[PDB]
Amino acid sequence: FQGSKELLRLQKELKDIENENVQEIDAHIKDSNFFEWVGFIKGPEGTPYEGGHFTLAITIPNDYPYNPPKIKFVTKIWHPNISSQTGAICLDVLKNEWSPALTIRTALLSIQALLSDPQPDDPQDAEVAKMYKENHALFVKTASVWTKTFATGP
C-alpha cells in the first residue's frame, strides 16, 4: 500500500478493474514493475474477433495520471487500425484527450470499441486497410482465421 501519489493511483485502478467485469477487460502487473501491465480485451460478439482473448502491453509513465499510458497489442491480430506485425495502434486521440479523469480500463474499453467498429480512413496497417476496403468479405475471413489461430483461450 503506502507510497507515492502515483503508486496509490495505480493501486486504485487495479482494484477497480478487479472489481469490474474482468471477462471483458482485465489488467494486472506483468512482473515486478507497477508501471508495466499486461492487459486483456475480450473480442466482441458478432465481430470477426469473437471468442478471441487479446493480450496487450501497457507501459504507464512515471507522472501518471498526468500523461497517458502507451499501449500495444501483444496478441497478433488482423485489423485496419493495428499493425498486423507489431501490434501498434494509433493513440493520438487519447494522447491529446488525456487527463487525470481518464483510466486505463477506459483506454482499453475504447480499444475494444475499435475491434467492434474498425476505422479504415485512419489506417495503421496498409495491407489490412486495403483488404478491408477492397475485399471486405475476405477481411472478415482473414480476421476470423487470425482470431481462432493467434487469440485462442487462456
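All residue numbers are counted from 1 along the displayed sequence.
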property	result
Of 65-73 and 119-127, the stretch whose C-alpha atoms average the higher B-factor in the entry	119-127
Selected stretch [higher average CA B-factor]: 84-92 or 103-111	84-92
Among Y49, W98, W37, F40 - the residue whose C-alpha B-factor is largest in the record	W98
B-factor third for the C-alpha atom of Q11 within its chain	middle
B-factor third for the C-alpha atom of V22 within its chain	highest
Chain thirds of CA B-factor: placement of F139	middle
